[PDB]
Amino acid sequence: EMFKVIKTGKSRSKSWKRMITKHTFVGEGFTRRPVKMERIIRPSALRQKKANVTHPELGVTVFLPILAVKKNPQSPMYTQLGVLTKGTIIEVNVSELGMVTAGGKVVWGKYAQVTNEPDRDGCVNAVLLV
Amino acid sequence: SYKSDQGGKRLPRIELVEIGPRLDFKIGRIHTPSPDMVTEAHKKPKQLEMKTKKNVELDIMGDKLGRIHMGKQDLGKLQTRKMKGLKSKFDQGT
Amino acid sequence: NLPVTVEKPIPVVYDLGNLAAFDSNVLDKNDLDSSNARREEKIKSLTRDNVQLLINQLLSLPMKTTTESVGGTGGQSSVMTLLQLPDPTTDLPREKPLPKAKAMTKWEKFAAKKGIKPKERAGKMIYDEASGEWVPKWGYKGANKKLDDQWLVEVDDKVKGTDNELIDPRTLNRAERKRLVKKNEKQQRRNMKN
Amino acid sequence: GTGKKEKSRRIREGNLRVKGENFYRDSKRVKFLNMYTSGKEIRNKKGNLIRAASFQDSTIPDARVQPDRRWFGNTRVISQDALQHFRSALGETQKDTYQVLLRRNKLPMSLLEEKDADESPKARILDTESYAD
Amino acid sequence: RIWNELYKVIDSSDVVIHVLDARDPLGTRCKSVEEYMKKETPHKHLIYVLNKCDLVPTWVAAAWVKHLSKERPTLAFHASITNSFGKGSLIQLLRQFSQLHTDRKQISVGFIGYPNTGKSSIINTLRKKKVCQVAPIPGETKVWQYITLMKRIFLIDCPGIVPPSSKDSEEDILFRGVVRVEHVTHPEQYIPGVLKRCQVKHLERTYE
Ligand SMILES: Nc1nc2c(ncn2[C@@H]2O[C@H](COP(=O)(O)OP(=O)(O)O)[C@@H](O)[C@H]2O)c(=O)[nH]1
Ligand SMILES: [K+]
Ligand SMILES: [Mg+2]
């Protein structure tokens, strides 16, 4: 389900390239690998940068940028590929929520859990882990 | 320390008061280390400092930057295309 | 209102990391000999001049200020202003040589040859499916020792035909576990000898 | 030529070696170049799957997230001194045309991009007076 | 199709070379793509190559290099397999980029710009071989093409792009060498633009 076989060659005889069918977070400074050595394909339309995060406190939802993918429960391979499916733990930028630690430090990064299927509804929904 | 009234409020006048002990050492005997032992004792780790890389800098905002160098572009060694409309031999109305 | 500016024919050099000042000027033994009554005053005056120059440099150093309150980690409070000392210039011998690198072990060389990347070490908890609990995979109350406390074990048919038929399977597993651990210790000792 | 044999070549320069490893390719090279012919499934006479195609295994994983107090902590914090430093520095940067950005630092840019503006936005009139009024 | 190819080459390129015509560089600039690169992909390095520098006087090329260098690193160029100018400068600049990205095992340099500005010609010049098809007719390059320059440096040929604008007229598009003249309806109405853009003595010397 996760991968789609991509056939190559004039008569479609080769089948080594794989395309990820789910939504991904590729991180900052992403450059595509050269096409001759590109086995894993993560197309640009399925790449996400921001998520709708709901805070259990005060019951508000904000559109926050994605910092990292922490844990995809399906596999650490999907974690390192950045696959965003239901239940994935992500790191989110919480700067606009105005959180302060007990020591006076400003919180600007926390964890959230993805609660929907972005391949089905076209967006990332997550609940903040507090 | 005291107010100096001549170096402002930022530079005071210093004075000293002896505490002790006052000692007078006469140099009796010496036992110097070997040069290889000296080098071994003065080896620095270098594991903790960032390595120096050419044309790579870290700016005030924390961005890693690289500098490139164009070199000299001497346009006097380029021959422009000798187009027909630049030739006085095809002059009209003369 | 005595001055704070000290004149010297040869400039004093400074090591502000170690808070030291070195002056290499001409010192006359007539005024520093034990037969002189002004030797202590002479030494005090020269030390006073050198300390004055050192203090001028230290107060010319850049300063760090903070805004955090007291009671937190850090040791610098908002009302305090500290000096930023540069790295020490004077080179002094160390008390011990630098830690040499550990040589690559047999396992590490095998992993380099066979392309084995080191594991993630996410945690030590595993899900035991027959129950509904997250339990440690090793250690105190670890899941590697559940067979010793298991209420009932079926005796494997391969144990028939041997003299080990009558022994407790839990005892056999404990002996196998200890054998593996001692073998791991022996391998570590061998890597240490190499 | 006995010196052109594989055994003799190895001694000049046991279970770990792979097929195709020769004078021109080592093991890592062999597996990287076999990537181009890798991705097919294997079936026998009766049609049972000896081996699935790469990245095409159909076993359903048991996808769980364990309870852990690391999920509920802060991951990035920034001090007030660091905020003041970066807020002052953003503005004193002078771009050179011959410097290129190799890597961007990770910062709370919404906190840092705060500029004094001469004018305020217009007020919202729909709060005091609706369309129906 | 063309814009899909362009975004593919940008996504694959560590370095992007914008090829400009030395006769009308501001006319051949793609400002929108420069903006998009500076906004969405700031880690990709964008430079100017001013091609066809043999078609303008020496001081015109020098002044254009000076004014474009205030914005981006600019290199004057004359593309030719046998008799070129700037080949060594461009190659050593790409070597510097590779040494900066020594962490990557290889880098890719994508060539973008207007049609017929000479992107395939520059690639052929760097290779010293006709590896990319060259023609004065627009749309000669239809898909991207990988060319290995060195083991660590790849070059990506791209089809030409024309960013849409409202101020630019069909006359301006035509005089930028973008359209096929054989498919335009009445070219006599565009001839006065030729008379406006060309010197009279130069025209009368060209056509006797
Ligand atoms: N005079 C001159 N003509 C050039 C130069 N570079 C390219 N050309 C010509 O311009 C035309 C278009 O070249 P091409 O490489 O196909 O441009 P592309 O569409 O950007 O790939 C060709 O006929 C080239 O011969 C140059 O430096 N000087
Ligand atoms: K062309
Ligand atoms: Mg072309």
Side-chain angles (χ1 to χ4, degrees), chain B residues 73 75 77-87, chain E residues 1-6 8-10 12-13 16-25 27-30 33 46-58 60-62 64-65 68 74-91 109-147 149 154-163 173-183 198 202 206:
Chain B
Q73 314 184 33
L75 302 192
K77 300 185 182 295
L78 155 68
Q79 289 291 323
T80 57
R81 179 169 184 91
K82 265 70 184 186
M83 288 174 281
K84 181 181 181 178
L86 299 186
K87 300 185 182 301
Chain E
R1 202 193 57 81
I2 289 179
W3 283 82
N4 197 88
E5 295 296 291
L6 170 85
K8 169 172 53 177
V9 310
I10 290 175
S12 304
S13 303
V16 173
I17 292 180
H18 199 341
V19 173
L20 295 174
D21 193 318
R23 296 170 302 167
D24 184 25
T28 55
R29 245 180 80 186
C30 296
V33 191
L46 169 66
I47 63 173
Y48 288 141
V49 163
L50 195 76
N51 199 27
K52 299 182 184 182
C53 273
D54 61 314
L55 297 196
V56 307
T58 306
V60 178
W64 274 121
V65 160
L68 296 166
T74 306
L75 194 77
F77 206 86
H78 170 23
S80 169
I81 282 174
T82 67
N83 303 84
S84 65
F85 179 86
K87 172 191 182 187
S89 308
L90 191 51
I91 277 183
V109 190
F111 287 76
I112 69 168
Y114 263 56
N116 286 320
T117 53
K119 309 179 241 58
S120 302
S121 285
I122 293 157
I123 291 170
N124 289 343
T125 296
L126 295 187
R127 265 308 292 270
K128 214 181 184 306
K129 189 185 178 175
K130 187 175 65 185
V131 296
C132 298
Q133 295 185 337
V134 167
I137 55 190
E140 190 61 27
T141 292
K142 297 172 174 49
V143 299
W144 71 341
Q145 186 182 19
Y146 267 82
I147 295 298
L149 181 70
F154 297 164
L155 314 169
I156 313 182
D157 205 6
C158 181
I161 60 161
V162 189
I173 295 293
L174 168 59
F175 286 111
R176 287 169 196 168
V178 166
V179 293
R180 300 191 192 179
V181 188
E182 300 79 8
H183 292 272
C198 288
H202 298 164
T206 51

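Letters go in sequence order (proteins before strands), and every chain restarts at 1. These numbers come from the heavy atoms of this one structure, side chains and all, not from hydrogens, waters or symmetry mates. Start at 1 and go down the list; that is how both ligands and their atoms are numbered.
- Residue B/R81 has no nitrogen or oxygen atom sitting less than 3.5 Å from a nitrogen or oxygen atom of ligand 1, judged on distance alone.
- Between E/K52 and E/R23, the shortest heavy-atom distance links the atoms NZ-NH2, 3.9 Å.
- Counting only protein N, O or S atoms, the number found under 3.4 Å from the K ion (ligand 2) is 2.
- A side-chain donor from one of E/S120 and E/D157 sits under 3.5 Å from a side-chain acceptor of the other.
- Residue E/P138 comes nearest to E/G177 through the heavy atom pair CG-O, 4.1 Å, listed as atom of the first residue, atom of the second, then distance.
- With E/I17 as the fixed residue, the side chain to side chain contact (heavy atoms under 4.5 Å, CB included) test singles out one of E/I122, E/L90, E/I112: E/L90.
- Close approach of ligand 1 to E/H78 is summarised as follows: ligand atoms under 4.0 Å from at least one heavy atom of the residue are 26 (C), 27 (O), 28 (N).
- The nearest protein atom to atom 14 (P) of ligand 1, hydrogens excluded, is given as E/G118 CA, 3.8 Å; this is a heavy-atom distance.
- E/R176 meets the salt bridge (charged side-chain N to carboxylate O under 4.0 Å, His left out) test with E/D168; sequence neighbours excluded.
- Counting heavy atoms of neighbouring residues, nucleotides and ligands inside a 6.0 Å radius, atom NZ of B/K84 exceeds 12 of them.
- Distance alone, capped at 3.5 Å, is enough to place a donor-acceptor pair between the E/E5 side chain and the E/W144 backbone.
- The atoms of ligand 1 that sit less than 4.0 Å from any heavy atom of E/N116 are 12 (C), 17 (O), 18 (P), 19 (O), 20 (O).
- Of the N or O atoms in E/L55, none lie within a sub-3.5 Å distance of an N or O in ligand 1.
- The side chain to side chain contact (heavy atoms under 4.5 Å, CB included) test applied to E/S80 returns E/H78, E/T82, E/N83, E/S84, not counting sequence neighbours.
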Does E/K87 form a side chain to side chain contact (heavy atoms under 4.5 Å, CB included) with E/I91? I'd like the steps, not just the answer.
CA-CA 6 Å; E/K87 172 191 182 187; E/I91 277 183; 4.2 Å; yes

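- Given atom 22 (C) of ligand 1, the protein heavy atom at minimum distance is E/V134 CG1, 3.6 Å.
- Distances under 2.8 Å from the Mg ion (ligand 3) pick out the protein N/O/S atoms E/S120 OG, E/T141 OG1.
- When heavy-atom distances to ligand 1 are checked against a 4.0 Å cut-off, E/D54 comes that close only through its side chain, counted from C-beta outward.
- Contact between B/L78 and E/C53 at its shortest, heavy atoms only, is CD2-O, 3.9 Å.
- The two residues E/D21 and E/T28 make their nearest non-hydrogen contact at N-OG1, 3.2 Å.
- Looking from atom 23 (O) of ligand 1 to the surrounding protein, the closest heavy atom is E/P136 CG, 3.6 Å.
- Under the 3.5 Å distance criterion, the side-chain polar atoms of B/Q73 are matched with a main-chain donor or acceptor of E/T74.
- Panel note: side chain E/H18, backbone E/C30; a donor-acceptor pair is recorded below 3.5 Å.
- Atom CG of residue E/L50 and atom CG of residue E/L68 lie 6.5 Å apart, to the nearest 0.5 angstrom.
- Looking at ligand 1, you won't find any N or O of E/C53 less than 3.5 Å from one of its N or O atoms.
- Within 6.0 Å of NZ on B/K77 lie no more than 12 heavy atoms contributed by other residues, nucleotides or ligands.
- Residue E/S120 approaches ligand 1 through these ligand atoms, each under 4.0 Å from one of its heavy atoms: 15 (O), 21 (O).
- Within the 4.0 Å heavy-atom shell around ligand 1 one finds E/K52.
- Each of the following atoms of ligand 1 lies closer than 4.0 Å to a heavy atom of E/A135: 12 (C), 16 (O).
- When only interatomic distances are considered, the shortest N/O to N/O separation between E/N51 and ligand 1 falls below 3.5 Å.
- Closest to atom 27 (O) of ligand 1 among all protein heavy atoms lies E/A79 N, 2.9 Å.
- When only non-hydrogen protein atoms are considered, atom 7 (C) of ligand 1 lies nearest to E/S121 OG, 3.4 Å.
- In this structure, E/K142 places its NZ atom where more than 12 heavy-atom neighbours from other residues, nucleotides or ligands lie under 6.0 Å away.
- In this structure, the side chain of E/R127 does not engage the main chain of E/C132 through any donor-acceptor pair within 3.5 Å.
- Between E/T141 and ligand 1, a contact under 3.5 Å exists for no N or O pair.
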